[PDB]
Amino acid sequence: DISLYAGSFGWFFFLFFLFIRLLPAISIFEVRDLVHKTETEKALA
Amino acid sequence: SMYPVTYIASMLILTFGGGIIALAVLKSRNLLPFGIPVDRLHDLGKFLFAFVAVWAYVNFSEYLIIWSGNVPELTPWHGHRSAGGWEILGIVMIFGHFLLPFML
Amino acid sequence: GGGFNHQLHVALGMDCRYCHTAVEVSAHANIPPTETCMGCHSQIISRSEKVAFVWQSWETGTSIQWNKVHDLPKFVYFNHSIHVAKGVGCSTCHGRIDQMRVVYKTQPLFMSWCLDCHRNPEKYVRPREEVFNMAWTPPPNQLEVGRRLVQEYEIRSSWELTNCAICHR
Amino acid sequence: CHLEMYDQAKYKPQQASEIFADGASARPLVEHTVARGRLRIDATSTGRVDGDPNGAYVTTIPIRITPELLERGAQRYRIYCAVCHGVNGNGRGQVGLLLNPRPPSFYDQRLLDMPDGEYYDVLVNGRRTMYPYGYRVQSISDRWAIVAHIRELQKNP
Amino acid sequence: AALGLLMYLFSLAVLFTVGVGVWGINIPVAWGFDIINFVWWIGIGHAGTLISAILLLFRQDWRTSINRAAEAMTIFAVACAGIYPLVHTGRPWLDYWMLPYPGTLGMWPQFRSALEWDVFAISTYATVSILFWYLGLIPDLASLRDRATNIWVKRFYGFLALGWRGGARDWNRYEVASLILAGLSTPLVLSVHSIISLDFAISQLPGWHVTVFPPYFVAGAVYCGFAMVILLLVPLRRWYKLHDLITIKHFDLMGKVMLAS
Amino acid sequence: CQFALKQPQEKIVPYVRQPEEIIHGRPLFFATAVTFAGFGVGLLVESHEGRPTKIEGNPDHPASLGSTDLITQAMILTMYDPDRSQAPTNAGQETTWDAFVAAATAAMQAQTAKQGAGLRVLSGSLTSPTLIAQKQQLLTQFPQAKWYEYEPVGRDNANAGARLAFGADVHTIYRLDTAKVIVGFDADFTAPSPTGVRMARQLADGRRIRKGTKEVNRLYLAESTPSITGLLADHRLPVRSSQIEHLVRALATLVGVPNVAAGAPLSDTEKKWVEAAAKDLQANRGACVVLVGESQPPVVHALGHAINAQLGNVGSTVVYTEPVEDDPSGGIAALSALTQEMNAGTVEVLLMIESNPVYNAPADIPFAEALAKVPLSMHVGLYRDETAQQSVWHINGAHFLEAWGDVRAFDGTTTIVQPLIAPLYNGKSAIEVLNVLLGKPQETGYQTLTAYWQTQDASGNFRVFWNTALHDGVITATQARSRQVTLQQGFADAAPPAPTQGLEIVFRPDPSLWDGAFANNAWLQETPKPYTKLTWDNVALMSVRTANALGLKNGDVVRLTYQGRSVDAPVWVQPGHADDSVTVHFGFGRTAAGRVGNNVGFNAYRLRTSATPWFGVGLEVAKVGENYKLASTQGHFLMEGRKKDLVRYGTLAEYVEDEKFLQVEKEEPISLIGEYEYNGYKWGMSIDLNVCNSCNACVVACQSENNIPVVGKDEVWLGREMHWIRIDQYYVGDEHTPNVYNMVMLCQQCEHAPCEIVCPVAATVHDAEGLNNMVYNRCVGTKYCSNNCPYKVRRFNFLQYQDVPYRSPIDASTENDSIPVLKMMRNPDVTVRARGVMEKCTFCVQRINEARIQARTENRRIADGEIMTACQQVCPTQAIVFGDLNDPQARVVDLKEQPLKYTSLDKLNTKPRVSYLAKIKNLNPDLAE
Ligand code: HEC
Ligand code: HEC
Ligand code: HEC
Ligand code: HEC
Ligand code: HEC
Ligand code: HEC
Ligand SMILES: CCCCCCCCCCCCCCCCCC(=O)OC[C@H](C)OC(=O)CCCCCCCCCCCCCCCCC
Ligand code: SF4
Ligand code: SF4
Ligand code: SF4
Ligand code: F3S
């Protein structure tokens, strides 16, 4: 019961470290819109 | 449990429903100091819709638990409220309260 | 070796309870012992190699290792003799065994088959006097006759007949 | 696919065994044991006067002769006994033309002066070249019904 | 994590071979670490979709950089979770019997048990987590494709992203399929960890048959779940230099929602 | 994990000569009996083709009136034990049987040269008339040969008390159907004794409490340890087991006995008990009885016949017959007279019929060193016992289902032990081994059995007489003739010594394993012990006040140092116990039992001293351990305020004023699920909790009928016992003198079953008959049904529980491979379940269906007695009553409209089919304060 639970964090961080390396950890196109939203509110001044 | 929570999810229906009714009579009589943004009325309609669905999730899961394990200290409420004409108001609460304001 | 040939033996006028006795008494249909098969083959085709396997199982004491073709799993608990007593003939569960040189499965012994026949027995129930008649074909008027036989044989409803204490003990 | 309880750790009515000299889990009974439902000592259960081993061949059937027992024995004659003794009891079955000691025809004087309990005794234990029945019939109400049929089948020559 | 996965795959290869009774579950308490960790792991991925879906209803912009580290954190807290309803059964090779398929048995699942709805919740939760995180990665892996300058890693992100191009006729169709998905994953996760809450509250047990289990479990799912996003993103600023995207106001607001949960 | 696309080619084999009696699929019950101590219990065992699979009670028999004991029921796993001796053994290595008859007959011609001097036999207390006639043929062929009869739970003090009061030896058959009060004295008579099933029915027949019942039994007990009669006792008294000789001397002087010579005074709660038990004995003189068990010395046994002859019970409820056993004046003193003869030679042949005296002897009787002085030691037993290694020769046993034999029960009624099966391993029973010693080695067991009864039948037509004796079981042309007695005076004149201060030891037989003869039986081991629900452990039973003086908890291992020997015993404290009166149980510590009973507990036989063989006061506890395993199966022995839901207990003083005083006249509960219409064969059960003595015969008969697997000691401690029915002690009251109440908790077959609605694959549904169908092939193993079952009567197969005392269940090397000889003990109508499916008491649905389907073929309906479940067909008190609820003239429809009909957990609306008749424990007015 311990080795399946403590082993379950392996399968979490096997896939999480596969997610960090192969895929972006931050949605680039949405934070590009957040950079665009900060610029379009500074240009409203 | 959950019996005050079913009121709490309906305190949100009444005062977002009262949010739109009060900004209607104050709009129809031309008494609002601001014109209503059409984007932020879709916010008040998002809140009215997402609290009809919360209300029908806390009232039905209050019923789903009581109906499933029919303990005789929990079933007398929904047994008095689904028999002798109160069955009609039960079917209203699924269709006229949730499913008719779920689709529209 | 030189196994049982049903097509010759039912053609000898054997009425299907000669061997397989207690198909109207027991929960399990008998396969006949060597004493049945040596009742004729002690002098019918004695000193043959087709029935040398039944002479060797008589001079010695080893039971004949017949191969079961209808191997229902042991969680089913089929009950014979409730079907021949509530009017289900040996066809529509076993095929034309009298026209069978070596017995194969006819039905795959599913669960959905035998549930359609427990939920609606009227499309398969025949009279008890034609249960051991293999040439009985279902009539064009199977319904209103099978429904007549269900209320005559007091055959229980689809609710009581499919609830896994029938099967599955 | 998964076979977990498909074949179990118990023995069915006629399945094989890995324990005995014969392959059967169906084991023979000890020869002088009596079960609870089957005392088998009367003049009904044997075809003799008081159930003696060398008894005296009871001359009529002890159990009753009803029309639904004559009709049952007519059915039970056609299953077991009419294969090589003929349907009408003439010894003219399809196998009876091929048995070397030809099955004696009923209607013969000997089989008529034969006592009725000997007709039971040839059933349940067998004659010389006729192997025993009675493990095929397995009920006293149908062994006597068979010889109730033959005694009525011995009236229509 | 490989030594944790070889502790995972060995504890499962033990579990199938010798049985479900190497765990220590008794007959009074017959649900143990197989279910305490299952509701825990299902509970972790739920605030990974409050960040991904519920906050996208609120048009909030602080959910933006916490998005993929919560969409993917949902999926791997479901793939770690969803094995547990498949392996706590004593005969795990028949968990397809909890699916409504036609067979040569006339048998179907029950659809009154709240473990049959756990099949229906998670196999809807596992597939729309990997459909709302893959839809989010359709316009993003088109940017990793154009920044590759190496054709065997460009073809990898040029096939994961199906060919996206941007485009207002595709950007308008994206967000009306994103906020509807963010509007479909918001009653889902208030229902999933309510359906992983009904499989105690359906039962007549004294500590289990309480009727505030459905909103209090999902409150604890967006309590334990925000704790895992905080436990994972504090070591994703100090190790990957994301101090200018995961700025501390994102933790001031993830702490307020964890407090409000 | 077995896996294949197809099941393999299943072979179906017929016979080669099918016998007439056998129909494949029909049960074919045979009437035999079992020699338990020396007496017959009387059996009706179910042999499907040849193999007996289920022992039931012979309802014609006087001992069992259709219901067996705990030990008598589990003689099937003893029969199909793979640890049985499969071959004879000569000096360690295996051999043949005819090598023995060439070695024994070569030693029998050397004994006829003498006057048969060295031909000692050590059988155990046999009563069977064929072995008596073979002994009396053996002792007239060899003149100086001696037949010693050792039995560790023999009636040694019970027959020495019959000599000390009456002169010659007399058998004492008690009769409790005409008995208002039953003042026992250390007498667990409802135990597995030779008369334990009849004395439990006759005691429970008196207290069947109905709508118009005002007088029931009383049952004053005064027991040393909590014994299973104490569940039926209404005034059980925890006496120190050394004062029971002084409670009877205080009760024989209240009644008229002239020369009682009372001494060693009593406490304030033992004296007000005995002034009220004897006050209820001076009244109702014609129907009252004073009982005393063999734990007591022979003087109080003689006083127990003195009181029963004073009160006029002789001829009324205490009948005196000729002794049914052959040698009543031979016991432990007969074993001690043999080893002092076995020393320094002067013994040449030692036959040992099944006694196991290497293991069973007292410590003062050196049977180990006296053995291996005999040049030819032969042993006859169905196990290679502790003796069979230390014997020169060894034979198989021929367990009673394999051997032609006789046995005489009490009342003298002889019953013929037919073999239901041929001997699997060639058994050569005790009647067949004396045939070798007499000189008839080719004579079979049947040829010497009918040779005796042809000469003991003074009527004509023996074949009618013999076939009827095999059919009915009983003979009853052979009952023990009633003996006119004297009750000589001047036997208790000598005053007893001082009651010695010090902590007392108390020797007991375990109700599961009686004397270790069946310690290799897996069904008896995992069956929970009656008060202390333990499975695989001998314990030292202490009171709560005794362990508080010694400072030891419920699991410490202590080294119980008696007069010269230490035993290294674990501790289970026990509320009903007497003060300073540590009780150890027999049946454990066997070093050569097999794979079940090897090293399970501590051998209590190393503390017997043959002068204090049941109780002595020189014990030193001296704790030497901590935290033993002690795999118990109850969890909480204390009713936690859950009264009105577990065992509603009242007295008869408040029941004669209010009938439904334990019922709660409440409003009908509201259910949102509606209800279903059960109109044909509504199956319900009524468990009379007032008459259940926690005999555990219904636990082990559900095990033998429903193929329930045994679970080892390591997985009982994890609470994974497989028991479809369980008995629940509850210990209401003061922690030193409590009332112990049984709840027979099985699957209540709830109509609104909460265990069914939580099954994802619908592997638990209802019949239209109404009972709960747990289908095993559909169970995927999600243990949610067990969680929603409020009674927790669901039992999950966790590992592959199959043949677990023969292979430890934590491997898959033999998961789908099974022992071949254990497959024959299984019922062919119950699924032998896989690794991950859940079990449940199915009302014995294989017994429901086999008579429901049989009643459909013959177009009738089921009657009441046509379906009798395994827990119902075994209960000696008939506490369990199963039957149709829609049949208006049924037996369970009367028992479920009684004023004591309560269902367990009616706070939940499960609507059970199992209702319980409440407990009424008949308290005296002079003792209830
Ligand atoms: C006419 C009365 C019949 C005879 C003669 C036999 N059957 Fe049946 N049968 C059926 C099933 C589903 C099975 C498998 C059951 C199991 O394996 O437990 C069988 C099997 C047999 C066997 C095999 C038993 C053996 O090997 O000894 C025999 C000899 C046999 N059957 C003869 C199904 C049915 C059925 C549908 C309800 C009926 C009408 C019959 N069988 C009829 C006969
Ligand atoms: C008398 C009623 C019979 C019983 C009982 C059994 N058999 Fe038979 N068998 C019988 C006849 C009259 C014949 C025809 C002989 C010939 O030469 O054709 C047979 C034949 C067979 C055969 C051979 C089939 C062939 O050659 O085409 C076999 C293999 C056979 N029989 C097997 C068999 C078995 C196994 C039996 C016990 C159940 C059995 N027979 C009984 C007549 C009778
Ligand atoms: C004796 C001459 C028989 C007669 C009359 C009938 N059957 Fe039979 N049957 C017999 C034998 C020796 C065997 C085993 C040989 C084999 O091929 O299996 C059988 C077997 C069957 C089976 C298959 C059972 C199984 O193996 O699963 C079936 C389905 C069967 N028999 C049906 C059947 C019917 C319908 C009969 C009346 C026409 C009949 N049998 C007569 C011997 C004899
Ligand atoms: C074919 C296997 C037979 C079956 C079916 C039956 N019988 Fe038969 N029978 C058979 C033979 C080959 C013989 C000749 C015996 C001899 O040694 O010549 C018989 C004989 C009899 C007799 C006459 C007895 C005698 O003359 O000494 C009788 C009365 C008889 N058989 C009765 C009988 C009954 C009642 C049967 C149905 C169960 C039956 N037979 C069937 C062969 C066969
Ligand atoms: C007699 C008509 C039956 C009823 C009342 C039920 N079952 Fe059922 N079952 C039956 C038969 C003939 C089979 C064998 C089919 C085959 O060989 O594939 C089965 C089998 C099953 C299974 C399959 C088990 C496995 O493949 O390992 C299951 C899961 C099963 N049966 C379940 C089941 C349930 C839940 C029922 C509830 C009322 C039930 N069965 C009734 C015949 C019958
Ligand atoms: C092949 C798997 C199969 C199994 C297992 C099976 N049946 Fe039946 N069965 C019946 C009928 C008709 C009854 C009688 C119902 C009654 O008497 O209540 C019955 C009854 C039964 C009973 C007895 C119920 C009782 O009350 O004891 C059992 C057991 C049973 N069936 C099992 C028609 C069928 C038919 C129709 C041709 C099929 C096929 C059939 N049955 C297939 C099967
Ligand atoms: C983690 C996974 C689950 C994710 C979470 C749940 C989300 C929903 C999932 C829905 C889909 C689940 C599919 C379940 C299939 C069950 C079938 C089965 O297990 O059969 C087992 C049986 C022993 O097998 C058999 O009876 C036959 C065995 C042989 C057939 C093999 C079939 C394999 C299918 C692939 C076919 C490829 C070609 C192979 C052909 C066969 C060659 C031998
Ligand atoms: S008593 Fe327990 S096991 Fe029996 S039906 Fe009710 S919930 Fe299920
Ligand atoms: S009725 Fe149920 S609990 Fe009782 S013995 Fe039978 S199966 Fe076991
Ligand atoms: S119910 Fe019967 S068998 Fe079970 S413990 Fe009580 S008296 Fe003994
Ligand atoms: S709920 Fe369902 S499948 Fe198995 S163990 Fe419990 S039955």
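Residues numbered from 1 in each chain as written, not as in the entry; some residues may be left out. Chains lettered and ligands numbered in written order. Part of a larger assembly, values for the part shown. Heavy atoms only, no water.

Colleague: Go over the overall build of chain B, please, and point to the residues and values.
Modeller: Within chain B one finds five helices and zero strands. Ordered by position in the sequence, the α and β elements of chain B form the string α-α-α-α-α. For chain B, whose C-alpha radius of gyration is 17 Å, the value lies well above the compact-globule estimate of 13 Å for 104 residues. On the principal axes, the C-alpha backbone points of chain B span a range of 55 × 25 × 20 Å. By element, 74% of the accessible surface of chain B is carried by carbon and sulfur atoms, the whole surface being about 6,600 Å². Within chain B, one finds 5 positive and 5 negative side-chain charges whose respective centroids are separated by 17 Å. (Helix = DSSP H or I, 4+ residues; strand = E, 2+ residues; numbered from the N terminus. Rg over C-alpha atoms; globule rule 2.2 N^0.38 Å. Areas by Shrake-Rupley, 256 points an atom, 1.4 Å probe, with all protein chains shown as cover. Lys, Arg positive; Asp, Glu negative; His and termini not counted. Charge placed at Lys NZ, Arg CZ, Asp CG, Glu CD.)

Colleague: Outline the coordination of the iron atom of ligand 3, listing residues and values.
Modeller: All names here are of chain C. Surrounding the iron atom of ligand 3 are the protein donor atoms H6 (NE2) and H20 (NE2), at 1.8 to 2.0 Å. In this structure, the iron atom of ligand 3 is coordinated by six donor atoms arranged in octahedral fashion, with angles at the metal of 80 to 178 degrees. One end of the pair, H6, is in helix α1 (residues 6–9); the other, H20, is in the loop between α1 and α2 (34–41), and 14 residues separate them in sequence. The exposure class of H6 is buried, given its relative accessible area of 14%. (Donors = N, O, S within 2.8 Å, 3.2 Å for Na, K, Ca; no water. Tetrahedral: all angles 85-135°; square planar, octahedral: opposite > 155°, others 65-115°. Buried < 20%, exposed > 50% of the residue type's maximum accessible area, 1.4 Å probe, protein only.)

Colleague: Help me get a handle on the coordination of the iron atom of ligand 1, residues and values and all.
Modeller: Residue and element names in this part refer to chain C. Coordination sphere of the iron atom of ligand 1, protein contribution only: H80 (NE2) and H94 (NE2), at 2.1 to 2.4 Å. Classification of the site at the iron atom of ligand 1 rests on its six donor atoms, whose angles at the metal span 77 to 171 degrees, yielding the label octahedral. With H80 in the loop between β1 (66–67) and α4 (116–119) and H94 in the loop between β1 and α4, the pair connects residues that are 14 residues apart, well separated along the chain. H94 sits in the partly exposed class, given a relative accessible area of 25%.

Colleague: A description of the site of ligand 10 should follow, citing residues and the corresponding values.
Modeller: Taken together, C692, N693, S694, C695, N696, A697, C698, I727, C875, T877, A879 and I880 of chain F make up all the residues around ligand 10. Along the lines of polarity and charge, the residues of the shell around ligand 10 split into eight nonpolar, four polar and no charged. (Near = heavy atom within 4 Å. Nonpolar A, V, L, I, M, F, W, Y, C, P; charged D, E, K, R; others polar.)

Colleague: Requested: an account of the site of ligand 8, with residues and values cited.
Modeller: Near ligand 8 there are 14 residues, and of these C747, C750, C755, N772 and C789 of chain F occur at the shortest range. Tallied by class, residues from the shell around ligand 8 come to nine nonpolar, three polar and two charged.

Colleague: Account for a negative patch on the surface, naming residues and giving values.
Modeller: Residues and elements named next belong to chain C. A cluster of acidic residues, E129, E130, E152 and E154, forms a negative patch on the protein surface. Locating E129 in the fold gives a position in the loop between α4 and α5 (146–152). According to the relative accessible area criterion, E129 is exposed, its value standing at 68%. (Patch = residues over 30% accessible without salt bridge, like charges linked within 9 Å, V, L, I, M, F, W, Y side chains within 5 Å. Salt bridge = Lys/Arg side-chain N within 4 Å of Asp/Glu carboxyl O.)

Colleague: Outline the side chain of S227 of chain F, listing residues and values.
Modeller: Within the secondary structure, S227 of chain F sits in the loop between α6 (198–205) and α7 (244–251). With residues up to four places along the chain from it excluded, the contact list for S227 of chain F reads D188, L221 and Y531 of chain F. (Contact = heavy atoms within 4.5 Å.)

Colleague: Break down the packing of aromatic side chains for me, citing the residues and quoting the values.
Modeller: Under the definition given, this model contains 74 aromatic pairs over all chains. Note on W164 of chain E and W171 of chain E: the rings are 4.9 Å apart at their centroids and 85 degrees apart in plane angle, and the pair reads as edge-to-face. We classify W171 of chain E as partly exposed; its relative accessible area is 29%. Ring geometry for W453 of chain F and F465 of chain F: centres 6.3 Å apart, planes at 55 degrees, overall tilted. With a gap of twelve residues between them, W453 of chain F in helix α16 (residues 450–453) and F465 of chain F in helix α17 (residues 462–472) connect regions that are remote in the sequence. Among the residues examined, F465 of chain F registers a relative accessible area of 19% and is labelled buried. Of the aromatic side chains, those joined through ring pairs into one cluster are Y5, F9, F12, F13, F16, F17 and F19 of chain A together with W40, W41 and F76 of chain E. (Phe/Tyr/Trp six-rings, centres within 6.5 Å; stacked < 30°, edge-to-face > 60°.)

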